[PDB]
Ligand SMILES: [Mg+2]
Ligand SMILES: [Mg+2]
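Chains as they are written, first to last, in the deposited numbering: chain A, -5 to 92, 95 to 423; chain A', -5 to 92, 95 to 423. A prime marks a further copy of an entry chain.
So, in structure tokens, the structure goes:
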């Protein structure tokens, strides 16, 4: 009665702060170029009378402008009013014809869901804090006490041109990839391995996967060339890697390309390109194009919408994994809670954590622990992380200082290899 | 910190009470017989340290035994642990080969979802009470302040054989159906009308729909014969009723029958028979069998699972309505909250409310108000209803006294028309 009435006021959104940040990144290679020296993100803080909630999203300027515009319309709403919040996000894009934020490797996701996602995450953080429960409980309760991640391998230069080598140094052949994988697994203990391909000819990447299978027997392996192959090349790669990889991710482009490959491939095909929005589900399912969908709450519309995708997957007999872009602790907490409370999210989740400096983040240290290749589900109310305001300002200052305004792997590569082509497929 | 720790204990399920009840029903006709003088339900009370939550489900003996068995396994869990609660329900049915609870008109729904549903409802009631918020807020917030229902018409005898006529008296022809509809709409103000068919030859039921269209111009009309027609008869009926009905519900049997009818029918086809479980979605969608799905949280697995169905419907371009069986106030509150927070649940919901005595229920009076053909969304924490313990005992005593142990429209009809056949299709 009096509890329900204060709860109505305690749950009203008074203010939203959107803060761009930048953190050091290494020269990781991929199908469209090479990572720039800084990765960008947006940090969303929803502020109520006496509390706040956090979300995290992309850092490019077009996206920040979209977030700010949505945020102006969301103020005054309850953190429980996710239906109307989503409507305001859609409304705010009404006149937006106005880039991925993901290097141009994930171009067809719903903009409204991308814009909605971090508000939805911050709202659930706030719903947890208000009720004194964890976000994983909001999502049906954890079915596992930690969430397993994969070791995400890249070919890479030894350092950014002109600077000294980073602590990993180069990986340009099977031997370098194995050495990277050992360093990473020795630190984290991941129990699954993924290699980012579309960088060398398929024959060479097949060789790195085989070299990894030999060096890490019985550890599930994945290969992701981000649609750098023709259908025939993809069929050849899948033949070579029969019995050797857990799944082959986005070998060829489009639902149609994937479906033609899936017909011959013995391993399941996974995707975060051909299926990246609810609208993509009907045609993919009709064509039996993909067998595993990598969820990503940052572009599927937040934690609850990701659960919906998970249920659609269970209903239609598809499997579910998790996609990552370079990210910080708010995203890691949300990925973990989501995965802990999603029964059929059984494959290990991708993360870029090993690529990020151990001392760069925006959350108070100590809430996110690794153990045996997994993050232990945070135990306090909400996401279980708090905002480190000194560290936010620091990473915001890096943002200001580095002058990067959008992610651009392709332009950065072309500064050193002006002949480089990012078009796919390529082999 | 200290709030989060008491919340962990305050949310643990200490006890579950399952109580069967019976309330007076009228001799409504349908494709499989005639309603018995009492309708059965189960009332579920989940009890925690200092609070309780309510759900409501079917009253047949096989179902009660299933609920009790699940309940024994659920005790000790948090009300937030809906994932593990669902698992326990599935586990509990492990050795259950061991009737619909719905007259044998809805026979293929998932038993695990039927068993899960009322615990899930009671848990959300409890999650709302604990957090001081309405269930509709738990489900993303209301997008409407009241939920519209339909006037649900039946052919019926004037009273049960041997007793005096009830206040409606008989409806056995177009004129009786119109008079029933006027009485009902004068009392409730519903703005949509549904007739239960499969009782008279299709020609006669077409005549009642036309007579209703004339007497209530511009009021959306629906017809539900519960698959009493052949495909050819269904095509004929849909031709006759072109432009006259909002949708034609379950004219023919099975996904295949529905699909063949949908090919020629100009109105959309609705269903609560051919699609009543998540497993039914893939084949229905493949065959384009149905255009509208009537949700029913009592057999689709509770409020959150119904939202999932709603999202699947939005993704695949299907519309969503709501199915009813004879029910009490706990179910009405849950149907209302669910519908208020589901953006694409735009058709008016079915209800049997007008068929129930105005003074029979199990909730404290006054929380559920009608206005303009809709229920005003309850405003307090949880479902917004409380248990009337004197009235529960009263309706439980009726249960004990009336000796009915399962719903059986067909056996009851055959007491008076031993020649009657419940097989479908029939015309
Ligand atoms: Mg990928
Ligand atoms: Mg029906």
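We put the CB at the ideal spot given by N, CA and C, even for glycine.
- Query: When burial is assigned at 16 or more other CB atoms within 10 Å of the CB, is residue 267 of chain A buried or exposed?
  - Reply: If you number the first chain from 1, residue 267 of chain A lands on position 271. Classification of residue 267 of chain A: buried, given that the 10 Å Cβ count is 16 or more.
Quiz item: So, is the C-beta of residue 311 of chain A closer than 7 Å to a C-beta in chain A'?
Solution: Residue mapping note: residue 311 of chain A aligns to position 315 of the first chain, counting from 1. Interface with chain A' (7 Å Cβ-Cβ cutoff): residue 311 of chain A is included.
The region 372 to 389 of chain A' contacting the region 247 to 258 of chain A', beta-carbon criterion three pairs below 8 Å: The region 372 to 389 of chain A', when compared against the region 247 to 258 of chain A', does not touch it at the 8 Å Cβ threshold.
Practice task
Closer than 7 Å by beta-carbon distance: list the chain A residues that pair up with residue 408 of chain A', in chain order.
Solution key: For the purposes of this step, residue 408 of chain A' is taken as the residue at position 412 of the second chain. What residue 408 of chain A' touches in chain A: nothing, since even the nearest Cβ is about 37 Å away.
Check your understanding: ligand 2 heavy atoms versus the CB of residue 77 of chain A: any closer than 6 Å?
Key -> Residue numbering aside, residue 77 of chain A sits at position 83 when the first chain is read from its first letter. Checking every heavy atom of ligand 2 against the Cβ of residue 77 of chain A, none is found closer than 6 Å.
Taking just the CA atoms, how far does residue 22 of chain A sit from residue 352 of chain A?
The residue labelled residue 352 of chain A in the question sits at position 356 within the first chain. The residue labelled residue 22 of chain A in the question sits at position 28 within the first chain. Near 12 Å, if we compare the C-alpha coordinates of residue 22 of chain A and residue 352 of chain A.
Q: Starting from residue 335 of chain A, follow the beta strand (DSSP E) in both directions and report where the run begins and ends.
A: Within the first chain, the letter at position 339 stands for residue 335 of chain A. Element bounds for residue 335 of chain A: not the beta strand (DSSP E) but the alpha helix (DSSP H), 325 to 336.
Interface residues of chain A facing residue 377 of chain A' [CB-CB closer than 7 Å]
For the purposes of this step, residue 377 of chain A' is taken as residue 381 along the second chain, with counting starting at 1. Residues of chain A passing the Cβ test: -2.
When the cut-off is 7 Å and only beta carbons count, does residue 74 of chain A lie next to chain A'?
-> Position 80 of the first chain, counting from 1, holds the residue named residue 74 of chain A. True, the Cβ-Cβ gap to chain A' drops below 7 Å.
- [ ] Keeping to the same chain, check which residues put their C-beta closer than 7 Å to that of residue 59 of chain A'; ignore five residues upstream and five downstream.
- [x] Translated into positions along the second chain, residue 59 of chain A' becomes position 65. Closer than 7 Å at Cβ, skipping near neighbours: no residue.
Anticipated Cβ contact below 8 Å, residue 434 of chain A with residue 247 of chain A, distance rounded: Here chain A comprises residues numbered -5 to 423, so residue 434 of chain A is not present and cannot be evaluated.
| request: Please compile the residues from chain A' whose C-beta is within a distance smaller than 7 Å of the C-beta of residue 337 of chain A. | output: Here residue 337 of chain A is taken as the residue at index 341 of the first chain, counted from 1. Under the 7 Å cutoff, chain A' gives 77.
Do we get a CB-CB distance below 7 Å when we pair residue 274 of chain A' with the residues of chain A?
Working through the second chain from its first residue, we reach residue 274 of chain A' at position 278. Yes, its Cβ sits closer than 7 Å to a Cβ of chain A.
Is it true that the CB of residue 420 of chain A sits closer than 7 Å to the CB of residue 224 of chain A?
Here residue 224 of chain A refers to the residue found at position 228 of the first chain. Here residue 420 of chain A refers to the residue found at position 424 of the first chain. Yes, the pair counts as a contact, with Cβ atoms nearer than the cut-off.
Less than 6 Å between the CB of residue -5 of chain A and some heavy atom of ligand 2, yes or no? Working through the first chain from its first residue, we reach residue -5 of chain A at position 1. No.
_When you compare the CB positions of residue 336 of chain A' and residue 143 of chain A', do they come within less than 7 Å of one another, or not?_
Numbered from 1 along the second chain, position 340 holds the residue referred to as residue 336 of chain A'. Numbered from 1 along the second chain, position 147 holds the residue referred to as residue 143 of chain A'. Against a cut-off of 7 Å, the Cβ pair of residue 143 of chain A' and residue 336 of chain A' comes out as a contact.
DSSP has residue 14 of chain A' in a bridge; who is on the other side? Locating residue 14 of chain A' in the second chain gives position 20, where the first residue counts as 1. Beta-bridge pairing links residue 14 of chain A' to A':36.
Taking the beta strand (DSSP E) that residue 288 of chain A' belongs to, which residues open and close that run?
As a first step, residue 288 of chain A' must be located in the second chain, where it is residue number 292. From DSSP, the beta strand (DSSP E) with residue 288 of chain A' extends over 288 to 291.
>> So if DSSP puts residue 267 of chain A in a beta bridge, which residue, or which two residues, is it bridged to?
In response: The residue you call residue 267 of chain A lines up with position 271 of the first chain. Paired residues: A:289.
Taking the alpha-carbon positions, what's the residue 32 of chain A to residue 364 of chain A' distance? The residue you call residue 32 of chain A lines up with position 38 of the first chain. The residue you call residue 364 of chain A' lines up with position 368 of the second chain. Residue 32 of chain A and residue 364 of chain A' have their C-alpha atoms roughly 57 Å apart.
Subject >> As assigned by DSSP and simplified to three states, the class of residue 234 of chain A' >> reply: Working through the second chain from its first residue, we reach residue 234 of chain A' at position 238. Judged by DSSP in its simplified three-state form, residue 234 of chain A' adopts helix.
Item to complete: Tell me whether the beta-carbon of residue 13 of chain A lies closer than 7 Å to the beta-carbon of residue 37 of chain A.
Response: One-based indexing of the first chain puts residue 13 of chain A at position 19. One-based indexing of the first chain puts residue 37 of chain A at position 43. The answer is yes: Cβ separation under 7 Å.
Of all the CB atoms in chain A', is at least one closer than 7 Å to the CB of residue 284 of chain A? Translated into positions along the first chain, residue 284 of chain A becomes position 288. By this cut-off, residue 284 of chain A is not an interface position.
Check: Touch check for the region 386 to 405 of chain A and the region 183 to 199 of chain A: three-plus C-beta pairs under 8 Å?
Finding: Cβ pair count under 8 Å is below three, so no.
Q) Is the Cβ-Cβ distance between residue 86 of chain A and residue 64 of chain A less than 7 Å? A) For the purposes of this step, residue 86 of chain A is taken as the residue at position 92 of the first chain. For the purposes of this step, residue 64 of chain A is taken as the residue at position 70 of the first chain. Result yes, Cβ atoms of residue 86 of chain A and residue 64 of chain A sit closer than 7 Å.
Where the region 104 to 135 of chain A meets chain A': residues whose CB sits under 7 Å from a CB there = Closer than 7 Å at the C-beta level to chain A', one finds these residues of the region 104 to 135 of chain A: 126, 127, 128, 129, 133.
Item to check | Residues near ligand 2, criterion Cβ-heavy atom distance below 7 Å | outcome: Near ligand 2, meaning a Cβ closer than 7 Å to any of its heavy atoms, lie the following residues in chain order: A':220, A':222, A':245, A':246, A':268, A':269, A':290, A':319.
(request) To the nearest angstrom, report how far apart residue 350 of chain A and residue 52 of chain A are at their CA atoms. (result) Taking the first residue of the first chain as 1, we reach residue 350 of chain A at position 354. Taking the first residue of the first chain as 1, we reach residue 52 of chain A at position 58. Approximately 19 Å between the Cα atoms of the pair.
- Quick one: which chain A residues come within Cβ less than 7 Å of residue 308 of chain A'? Here residue 308 of chain A' corresponds to residue number 312 of the second chain, with the count starting at 1. In chain order: 308.
**Request:** Go to residue 52 of chain A', then tell me how far its beta strand (DSSP E) extends in each direction, as first and last residue.
**Result:** Position 58 of the second chain, counted from the first residue, corresponds to residue 52 of chain A'. First-last of the beta strand (DSSP E) with residue 52 of chain A': 46 to 52.
Classify residue 416 of chain A' as helix, strand or coil using the three-state DSSP reduction.
Position 420 of the second chain, counting from 1, holds the residue named residue 416 of chain A'. In the three-state scheme derived from DSSP, where H, G and I count as helix and E and B as strand, residue 416 of chain A' is classed as coil.
Using three-state DSSP, classify residue 90 of chain A' as helix, strand or coil.
Your numbering for residue 90 of chain A' matches position 96 in the second chain. In the three-state reduction of the DSSP assignment, residue 90 of chain A' falls in the coil class, being assigned neither a helical nor a strand state.
### Query
So, is residue 93 of chain A' buried or exposed, given that buried needs 16 or more other C-beta atoms within 10 angstroms?
Since chain A' is numbered 92 and then 95, with no step between, residue 93 of chain A' has no place in the structure shown.
Original post:
Leaving out the 5 sequence neighbours to the left and right, which residues in its chain are closer than 7 Å to residue 310 of chain A' when beta-carbon positions are compared?
Top reply: Taking the first residue of the second chain as position 1, residue 310 of chain A' is located at position 314. Here the set comprises 340.
With three or more beta-carbon pairs closer than 8 Å as the criterion, would you say the region 173 to 189 of chain A touches the region 125 to 139 of chain A? Short answer: they don't touch.
- Query: For residue 423 of chain A, does the three-state DSSP call read helix, strand or coil?
  - Reply: As a working mapping, residue 423 of chain A is identified with position 427 in the first chain. Note: residue 423 of chain A maps to coil in three-state DSSP.
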